[PDB]
Amino acid sequence: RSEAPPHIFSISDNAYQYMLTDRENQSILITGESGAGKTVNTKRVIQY
Amino acid sequence: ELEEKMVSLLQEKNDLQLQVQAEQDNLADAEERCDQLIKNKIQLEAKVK
Amino acid sequence: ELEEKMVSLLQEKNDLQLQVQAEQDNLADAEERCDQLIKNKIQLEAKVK
Amino acid sequence: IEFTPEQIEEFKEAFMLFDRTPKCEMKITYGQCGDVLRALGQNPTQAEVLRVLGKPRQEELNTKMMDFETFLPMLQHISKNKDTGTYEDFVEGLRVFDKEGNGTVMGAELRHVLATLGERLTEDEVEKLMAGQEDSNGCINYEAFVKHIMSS
Amino acid sequence: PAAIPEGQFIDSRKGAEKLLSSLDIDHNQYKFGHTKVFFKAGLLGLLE
Amino acid sequence: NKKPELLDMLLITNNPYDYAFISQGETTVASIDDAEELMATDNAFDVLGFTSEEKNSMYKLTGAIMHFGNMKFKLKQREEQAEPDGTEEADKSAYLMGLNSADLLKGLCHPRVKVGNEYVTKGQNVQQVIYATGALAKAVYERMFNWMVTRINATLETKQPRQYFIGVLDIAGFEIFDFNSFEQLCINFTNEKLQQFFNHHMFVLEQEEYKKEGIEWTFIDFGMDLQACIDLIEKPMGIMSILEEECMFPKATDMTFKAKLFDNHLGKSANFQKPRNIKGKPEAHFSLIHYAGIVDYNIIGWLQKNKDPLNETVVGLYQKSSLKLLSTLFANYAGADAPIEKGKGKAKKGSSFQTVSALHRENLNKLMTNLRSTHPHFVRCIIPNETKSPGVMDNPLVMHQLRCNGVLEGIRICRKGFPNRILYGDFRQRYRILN
Amino acid sequence: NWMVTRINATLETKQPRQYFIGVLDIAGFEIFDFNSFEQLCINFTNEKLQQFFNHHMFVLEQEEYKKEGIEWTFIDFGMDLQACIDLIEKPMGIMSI
């Protein structure tokens, strides 16, 4: 987390290794009213 | 050193046969203890009828 | 030449062991078969009483 | 601190063999400066040789030749140094490569890392180093392995 | 390894403070209680 | 006996009476030390051919079972989910293991719970964890000793001759204290049958052996029997009992265990002795006609003693451990491959942490049937006093005991019973020209 | 649904195993006249999910804090939405009728 500037890719990798260390399974939720950019990210999340 | 090894085989042959008996009896006893269940099962289903 | 005979003694050992292990699989499949009957008892007991 | 008479002779006994020339040169190459220290029973990094060489192009044979009159001072220099790497500096490094502190590390994992990190090795230096103790599992025991590297 | 000798703690707290002090941290970025330590952003991920 | 160096690495208290798993206090033994006996046996390891690592390794794994009892959970009544007040207590465990220190101190209290098939989390309430940690240390010990014997037989296998044997039966039990539980039951349930083999061997198998050999003998016997009471063959032992055919159902209690004994065994079978009114709201006691004494067993607690549950995760994370010897103690293979159908175990069979009493069925068949086919040699050792005192004897005790070990009837047959026995071909060839 | 069946049938190559993750993907705040069985599902979730933030981000961390027995005065932030998820008087209510 404390290597990279704010971008989705590290939002992933941070949680990944945490799960691999502390055993905690985890679930991301995106939030915004109706007009943000939610699913627009999620397509890129899947690909990443 | 080969001869020293071989001699264990006539013996292990007798070793195995005794176990072949004992676990065949163990199988038989287990089959009986299954047979009592299979045979009483007809009674269990009959009583439910 | 007794090398072949060494293995031949081992072959009686192969089958005596292959038989027994298969009789462990005999009792092995019977492991699900046996306990399944013990469970089938308990439910049917509760169906009856 | 100086260099005893036993130290002089050992340096020479090798130097004569090293300098392979029909005519003189009473000199080695700044590359041979490395492997000489190794053969002498010293263990410097290439970076240690680059720390003490005035050749920022390392590595290559054909720039500056050195006499023993330049080698022996450098040997007196190496003899002073502590930062070479102990068993302790290695026992540190090994303790991430065991996926569960046993000593027994995976050969394939050891390969990937040696090629990528530190100084980096060549294909050959990898393949050559792992020719034992490889068992039917593939468990190189990192500690006894290091003790051998210390041994020679 | 040189941070804690034979018998630093004793009080598991007191010898943790010795080792963490040797590694130049204060007990506030990560907090202590009784059983546990609390880590903020990066702190644990800096120990790594 | 351990030196100041090992004291660090091994993580012993310098001071005594710190150790929590040592109840009562530091009790002594008459005439031995504790200290010098260490150096003797440690050398006995060197003599076994242990590696210089494994010396420390076996001690590493063994010593933690002292360390574990120190983890002092404390009531913080806002939920009752206690976390223990310290770390040193469990660290002296962790290091000796080389298990992920974070995995330890977290997972103990908050493990991943298998719910049906999926995964959930939970904090365990105080007492749940306290006992569940105590489970962990005793979980290591049962496993380690079973690993120890198997690894020790390894150094002593008959390195390629004709495996021919004698069998010596050494089962240490039949101890009479106010406390007898399921532990005492599983042990004394072998000692019962050994005493039965005395009947089966002194009367019977002695002269059965004579019968086979075909000697000048005459069959004689007396009615000293136990069988209409104590199961002999594996199957009777593997039908025995309510802690067999019902040990998996949520409604069974140690109360009902005594009751179903009382239905099936009582009245008609004269060998069974019933409690003196601890029934109904009970400690639950019973007794049976065991030759050497009427043992008072207590039933409450047998469920958990025959279920033996612990925290999953923390042992599962021990599987992913270090120090070689620490690790091996954890998994399957066991030199065999078979499906796990549960109530147990692995073989036999699949999983419920334990069901050891079923595992004590399998091996029971394998020991016994072979033991019938082996020549009996026997020594019937009697006890002179309760007081643990050398040389002293009591009459009231010995009075009873000589009446109880079938010694009378035992001399009535074994008065002609030959204690010397060799080979006739030899004795004939060796005497030859005397005449 | 034919696809949802078909795809999990084809893209699930390891039944009964963990671990597992997930991503929550839903719309936002919208309004429409014809309230029948359908539309109520959306705004209710945007609400409850805001509450999923509130509870996790302010409260849950504290539920363990209060128990630890550390010098920590609790911090309320006055963001609650509990009183809409189920009926106060009788559980479910509408569904049962």
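Residue numbers (the numbering used here), protein chains in the order written: chain A, -3 to 44; chain B, 6 to 54; chain C, 6 to 54; chain D, 26 to 177; chain E, 5 to 52; chain F, 2 to 436; chain G, 9 to 105. Yeah, the Cβ is synthetic: ideal placement off N, Cα and C, and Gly gets one too.
Applying a beta-carbon distance threshold of less than 9 angstroms, which residues of chain D neighbour residue i?
| i | result |
| --- | --- |
| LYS321/F | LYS124 and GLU125 |
| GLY317/F | Those within 9 angstroms of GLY317/F in chain D number zero; the least Cβ separation is about 13 angstroms. |
According to DSSP, is residue i helix, strand or coil?
| i | result |
| --- | --- |
| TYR292/F | coil |
| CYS49/D | coil |
| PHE5/A | helix |
| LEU7/F | helix |
| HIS102/D | helix |
| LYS115/F | strand |
| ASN2/F | coil |
| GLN83/D | coil |
| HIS286/F | strand |
| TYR298/F | strand |
Taking residue i as the query, report the chain F residues whose CB atoms sit under 7 angstroms from its CB, ordered along the chain.
| i | result |
| --- | --- |
| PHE13/E | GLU89 |
| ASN21/A | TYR120 |
Using 10 angstroms around the beta-carbon of residue i, count the other beta-carbons present and answer buried if the total reaches 16, otherwise exposed.
| i | result |
| --- | --- |
| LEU62/D | buried |
| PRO69/D | buried |
| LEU157/F | exposed |
| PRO397/F | exposed |
| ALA65/F | buried |
| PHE96/D | buried |
| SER13/C | exposed |
| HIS68/F | buried |
| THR159/F | exposed |
| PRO391/F | exposed |
| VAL141/F | buried |
| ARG362/F | buried |
Given that residue i touches chain E, what residues does it touch there, using C-beta distances under 9 angstroms?
| i | result |
| --- | --- |
| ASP86/F | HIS38 and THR39 |
| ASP9/F | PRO9, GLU10 and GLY11 |
| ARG(-3)/A | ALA45, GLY46 and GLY49 |
In whole angstroms, give me the CA-to-CA distance for residue i and residue j.
| i | j | result |
| --- | --- | --- |
| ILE301/F | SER242/F | 16 angstroms |
| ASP395/F | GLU184/F | 29 angstroms |
| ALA103/F | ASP18/A | 8 angstroms |
| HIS378/F | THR219/F | 20 angstroms |
| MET238/F | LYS98/G | 57 angstroms |
| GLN125/F | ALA133/F | 9 angstroms |
| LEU97/F | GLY49/E | 26 angstroms |
| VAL130/D | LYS367/F | 41 angstroms |
| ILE43/B | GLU50/B | 11 angstroms |
| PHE46/F | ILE29/E | 45 angstroms |
| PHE28/D | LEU100/D | 8 angstroms |
| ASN333/F | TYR27/G | 22 angstroms |
Span of the alpha helix (DSSP H) holding residue i?
| i | result |
| --- | --- |
| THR191/F | 183 to 200 |
| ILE47/B | 13 to 53 |
| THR314/F | 313 to 320 |
| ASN396/F | 396 to 405 |
| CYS58/D | 57 to 64 |
| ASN366/F | 357 to 373 |
| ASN154/F | 127 to 154 |
| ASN16/F | Per DSSP, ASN16/F belongs to no alpha helix (DSSP H) and is neither H nor E. |
What does residue i reach in chain B if we use C-beta pairs closer than 8 angstroms?
| i | result |
| --- | --- |
| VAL53/C | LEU49, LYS52 and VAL53 |
| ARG163/F | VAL12, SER13, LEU15 and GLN16 |
Considering residue i, what are the terminal residues of the beta strand (DSSP E) in which it resides?
| i | result |
| --- | --- |
| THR141/D | Here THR141/D belongs to no beta strand (DSSP E); instead the alpha helix (DSSP H) covers 132 to 141. |
| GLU119/F | 119 to 122 |
| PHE43/E | 41 to 43 |
| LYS35/E | 34 to 36 |
| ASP30/E | Counting along the chain, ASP30/E falls outside any beta strand (DSSP E), and DSSP gives it neither H nor E. |
| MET90/D | 90 to 92 |
At 7 angstroms on the CB atoms, spell out the chain C contacts of residue i, in chain order.
| i | result |
| --- | --- |
| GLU342/F | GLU36, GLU37 and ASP40 |
| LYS350/F | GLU36 |
Would you mind telling me which residues of chain F sit closer than 9 angstroms to residue i, beta carbon to beta carbon, in chain order?
| i | result |
| --- | --- |
| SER25/E | By Cβ distance, chain F contributes nothing, its closest Cβ being about 17 angstroms from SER25/E, past 9 angstroms. |
Along chain E, which residues have their Cβ under 7 angstroms away from the Cβ of residue i?
| i | result |
| --- | --- |
| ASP104/F | What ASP104/F touches in chain E: nothing, since even the nearest Cβ is about 14 angstroms away. |
Can you name the residues of chain G whose CB is closer than 7 angstroms to the CB of residue i?
| i | result |
| --- | --- |
| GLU80/F | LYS75 |
For a contact meaning CB atoms closer than 7 angstroms, what does residue i contact in chain D?
| i | result |
| --- | --- |
| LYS325/F | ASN127 |
List the residues of chain G whose Cβ lies closer than 8 angstroms to the Cβ of residue i, in chain order.
| i | result |
| --- | --- |
| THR17/A | Those do not exist, as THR17/A stays about 12 angstroms from chain G at its closest Cβ, beyond 8 angstroms. |
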